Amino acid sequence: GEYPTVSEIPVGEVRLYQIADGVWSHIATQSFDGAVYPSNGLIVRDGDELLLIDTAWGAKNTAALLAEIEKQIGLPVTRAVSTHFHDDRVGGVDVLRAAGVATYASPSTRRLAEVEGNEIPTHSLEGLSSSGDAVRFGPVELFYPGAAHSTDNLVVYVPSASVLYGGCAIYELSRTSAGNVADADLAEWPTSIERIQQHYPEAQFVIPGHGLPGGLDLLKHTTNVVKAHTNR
């Protein structure tokens, strides 16, 4: 097709995909419980610098990510935001820090990462602890929709491009059964998704944490999958 998939990406390689002017996704792959999964993050041009959303799921992949950014874009990554505390979002933070990137997460994410033993972004994102909270972070808005995939999950909106990055709280359309839900709040996840719809109804591109981008139709789709799992 056009968007990169697992079959195209050996573990250890990273692809970039331009979504809109000054907005890319990054796509990596990783082994998990006997299978290989793709995983997305985001890159947003921030003047003559770059803002990174999420690691590429591990130190080796994140080093490859920084090299691909330098090759293909050539602007410095100065800040990064991790959208929750799991390894596909913070695994590789130490590589970012060693490369001079100022790494950020909410206090909720930093607390959960510490308890779990995952890498801990250094700087705090305040103003996001209550469902419905939004704060500006340069060329993006950060939004805490409520507990969903995890209790700390954030979504990221790029207003200049109408790109909504949903992270692991939003599933791609071809996913028809739940992904990893060990730390999820199944009871609240649909309510949290509806908060995203109410806050970003103008979004034109919606990027899931794993798999193919689409539009806002990914939201009701995710709710339908989560409700089906709830009823297992």
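In this text, rigid core is short for the largest set of C-alphas that superpose within 1.5 Å between two forms. The first residue of the shown sequence is 1; numbering continues from there.
With 190-198 and 32-40 as candidates, the stretch whose CA atoms show the greater average offset from this form in 8 other deposited structures of this protein after a core fit is 32-40.
Farther from the shown form on average, by C-alpha root mean square after a core fit in 8 other deposited structures of this protein, is 171-179, of the stretches 171-179 and 56-64. Averaged over their C-alpha atoms, the temperature factors of 118-126 and 68-76 are higher for 68-76. Averaged over their C-alpha atoms, the temperature factors of 189-197 and 47-55 are higher for 47-55.
Based on the entry's C-alpha B-factors, the most elevated value among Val156, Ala99, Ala113, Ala147 belongs to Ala99. Among the modelled residues of its chain, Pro38 has a C-alpha B-factor that falls in the middle third according to the deposited record. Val95: CA B factor in the middle third of modelled residues in this chain (values from the PDB entry). Per the deposited record, the Cα B-factor of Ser108 falls in the middle third when ranked against the other modelled residues of its chain. The deposited CA B-factor of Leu173 belongs to the middle third of values across its chain. Ranked by C-alpha B-factor against the other modelled residues of its chain, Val163 falls in the lowest third.
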